[PDB]
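Let's start with one chain on its own, the form deposited without the named molecule, as structure tokens.
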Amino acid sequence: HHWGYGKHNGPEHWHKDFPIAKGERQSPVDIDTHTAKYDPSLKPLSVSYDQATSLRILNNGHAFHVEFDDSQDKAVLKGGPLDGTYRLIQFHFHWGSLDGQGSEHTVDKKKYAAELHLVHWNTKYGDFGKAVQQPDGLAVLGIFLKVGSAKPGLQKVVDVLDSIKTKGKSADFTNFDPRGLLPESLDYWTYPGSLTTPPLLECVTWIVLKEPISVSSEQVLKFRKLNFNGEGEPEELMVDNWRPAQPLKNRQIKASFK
């Protein structure tokens, strides 16, 4: 028995094993576009992924993750509301059983079909493990996905999902360029938050892009063919692996645009 997204181990149950689930800076949250404050002091985001080195893709039972080599400043995020350099370590998605749901963050209560999370850690802390224990340890770039035209740069990812259908499976995934998953504009909203999966640590500086990317119905459909279960067990489709919006509490969402 452990956490998941089912009726008996879902998000509503997480607080029993992870008390911080009821914390003061939990994520995701609903972004109220009319209450968000435009902050003129927010610097443009700086994304340097030209030297990114992907290593492997794996199904960990909660989602599928694409891991990168973070032993050097190959793929980093700077600028915006950030102080210092943050290295990309992995990216994963959150999707639904239907196109009308799937994203974790919502915009004026609107839900998207999926949400992409590019996770980076503050190099000042030496490694990911140390970074998660700090209030400014991580920086997660959130990108919304809507169903429409296919996204060419996502196809390499969808085609390998068949090889990691069940929990525990992993496969070599080299030379994948994450720049193909970025929207045209880098305008964003930012607020202090947490990881959206256990341990739910409050060490994240969220950067959510305003412009979503479009993916085809066929591409998202392949996401839905993955399994939460491990091989040799009753099949449970990996769908709706998203956490519902949490209380904003004493926090303000800032916008880089007006």
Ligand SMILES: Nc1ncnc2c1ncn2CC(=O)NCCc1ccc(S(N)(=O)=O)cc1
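The first residue of the shown sequence is 1; numbering continues from there.
Another form exists, deposited with the named molecule bound; not displayed. Remarks below refer to it.
For this ligand-free form, the site is classified open because the named molecule, superimposed from its arrangement in the bound PDB entry, keeps every atom beyond 2.4 Å of the backbone and C-beta atoms. Of the candidates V140, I143, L77, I164, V140 is the one whose heavy atoms come within 4.5 Å of the named molecule in the bound PDB entry; the others do not.
The closest heavy atom approach of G148 to the named molecule in the bound PDB entry falls outside 4.5 Å.
Heavy atoms of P199 reach within 4.5 Å of the named molecule in the bound PDB entry, making it an interface residue. In the bound PDB entry, the named molecule lies farther than 4.5 Å from every heavy atom of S185. Residue contact with the named molecule in the bound PDB entry: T85 places no heavy atom within 4.5 Å of it. Taking a 4.5 Å heavy atom cutoff to the named molecule in the bound PDB entry, the contacting residues in 98-120 are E104, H117, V119.
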